[PDB]
Amino acid sequence: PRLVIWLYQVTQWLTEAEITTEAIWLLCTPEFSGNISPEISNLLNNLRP
Amino acid sequence: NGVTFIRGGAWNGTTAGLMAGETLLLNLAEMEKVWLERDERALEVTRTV
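For the record, the sequence lines run as chains A and D. Heads up: the first sequence begins at 637 in the deposited numbering, then just goes up one per residue. Heads up: the second sequence begins at 2300 in the deposited numbering, then just goes up one per residue.
Rendered as C-alpha cells:
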C-alpha cells in the first residue's frame, strides 16, 4: 500500500505540473552516456584561457 | 621573457568571432597595470674608456 500510494501521489503531481514521465526520468536518472559531449568541449575550450 | 598576456582563443567559434575586441582590451589593461606596478626609476652611471 505504501508503494501504491507513492505511485498515485507522484503521478498526480506530474499530471498537475504538466511534466511528462520522460522529462522526470531525464531529470532524476543516475545513468549517463559516459562520452564527452560537444557542450562540455566548448565549455572546456572557452574556460582554459 | 616569461610574461604572457595574449593567450589566444580570442576568436572563438561559439560566438562566431564576436566579442573579440573585449579580450584584447582586457589583455592590454592587464599589460598596462603590470607595467605601472613594476616600473622603476633607474640609476644613471657614465663611464669613460
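By construction, the Cβ of each residue, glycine as well, lies at the ideal position given by its N, Cα and C atoms.
Is the beta carbon of residue j closer than 8 Å to that of residue i?
i, j, result
"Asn-682/A", "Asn-2311/D", "yes"
"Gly-2307/D", "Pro-674/A", "no"
"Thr-2313/D", "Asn-678/A", "yes"
"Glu-2331/D", "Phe-2304/D", "no"
"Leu-663/A", "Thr-657/A", "no"
Thinking residue i and residue j are a contact (beta carbons under 8 Å), I'd like their distance in whole angstroms, please.
i, j, result
"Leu-2323/D", "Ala-2309/D", "6 Å"
"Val-2302/D", "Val-2333/D", "7 Å"
Quick one: list the residues of chain D neighbouring residue i, beta-carbon separation under 7 Å, in chain order.
i, result
"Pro-637/A", "Ordered by position in chain D, no residue passes the 7 Å Cβ test against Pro-637/A, which lies about 53 Å from the chain."
For a contact defined as C-beta to C-beta under 7 Å, what are the partners of residue i on chain A?
i, result
"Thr-2313/D", "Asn-678 and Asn-682"
Starting from residue i, follow the alpha helix (DSSP H) in both directions and report where the run begins and ends.
i, result
"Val-2333/D", "2319–2337"
"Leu-662/A", "657–664"
"residue 2349/D", "There is no way to answer for residue 2349/D, as the model of chain D reaches only from 2300 to 2348."
For a contact defined as C-beta to C-beta under 8 Å, what are the partners of residue i on chain D?
i, result
"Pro-685/A", "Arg-2306, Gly-2307 and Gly-2308"
Is residue i close to the ligand GDP? I mean its beta-carbon at under 7 Å from any heavy atom of the ligand.
i, result
"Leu-2335/D", "Inclusion of the ligand GDP in the displayed structure is not the case, the ligand content being empty and no account of it being possible."
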